[PDB]
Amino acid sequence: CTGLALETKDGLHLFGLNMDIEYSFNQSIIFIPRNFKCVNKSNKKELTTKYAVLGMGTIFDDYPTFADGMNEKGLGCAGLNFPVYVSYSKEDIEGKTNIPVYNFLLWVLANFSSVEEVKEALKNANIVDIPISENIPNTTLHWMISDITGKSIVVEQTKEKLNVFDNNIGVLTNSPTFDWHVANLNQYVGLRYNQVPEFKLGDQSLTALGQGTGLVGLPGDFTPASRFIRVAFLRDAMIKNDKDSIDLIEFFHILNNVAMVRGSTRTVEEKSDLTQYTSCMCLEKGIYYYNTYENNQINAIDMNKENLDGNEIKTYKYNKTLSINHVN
């Protein structure tokens, strides 16, 4: 997966991700009104939302769980794969706020209005490997959290501790740890967005064959480290050169560059890993935008079109039917 935070020319804050996986997880878009009692029938535990929530997820026995989402206050959160380097506790740790892996997304969005509130709450938190149901194990995750201040954080639990990083890059992918990727960025200080039209190689004149010679050296594969580098620099270039032009579609242009394509990222089980969907949350507006591998048209669900004091969880069907404008 690849997460991205981007500010538009109008001062609006976009946040979302490419969700890159080789299967459907039975997903739908899910809306939860404020003051709603989410009931986990498995362990008879409950969570009452303080804030209305909207995001992509799945419902297990009437209990909502999210992959990524936002709330009415303009807080966004997304979970991304984090293999090898993650470490969850086997059981609750006495004295800590213990949050089961699958519930972390909802725990953030239901409870807190800002990155600052989340940061404070995470100081004494611990992520625990208790699953939603014993036959549905948790996956290995880390999270990116972002809000209307334009600040983002990265949350990674290692065996050492629950790390909370300020994210000044605007991006997240997968393993290794976040500090590893930040240090990796230093390898690419030689990249240039500006054309290099020629090079005098002594008695041989060299000429650029086309645009783009300044970025030769940028990695083109789909591994987490390469995707991180590409999005970090594509984002930086757009902000440097085109701050006053940034709008919703630009978010998709950036992520499309690191989206997986059917056939070329094959798992050991011979399945194609794809960018299943790409979400873009407009935090100020409470609009969850998304498209899918099958249907590239952007769909918009606006939580403000719902009754935020409603008494039902609402869902919207994941759109996988290509939407074409028939001009004539």
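One rule holds for the numbers: they count along the sequence shown, beginning at 1.
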Original post:
So 313 to 321 or 16 to 24, which one's hotter by mean CA B-factor in the entry?
Top reply: 16 to 24
Subject >> Of 258 to 266 and 42 to 50, the stretch whose C-alpha atoms average the higher B-factor in the entry >> reply: 42 to 50
Subject >> Identity of residue with top Cα B-factor, from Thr139, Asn168, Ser226, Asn103 >> reply: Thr139
Subject >> From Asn98, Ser114, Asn184, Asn71, residue of greatest CA B-factor >> reply: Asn98
Original post:
Where does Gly55 sit by CA temperature factor within its chain: lowest, middle or highest third?
Top reply: lowest
Original post:
Is the Cα B-factor recorded for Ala208 in the lowest, middle or highest third of its chain?
Top reply: highest
Original post:
Comparing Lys119 with the other modelled residues of its chain, is its CA B-factor in the lowest, middle or highest third?
Top reply: middle
Subject >> Chain-relative CA temperature factor third for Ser272 >> reply: highest
Original post:
Hey, what third does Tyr63 fall into on Cα B-factor, ranked over its chain?
Top reply: highest
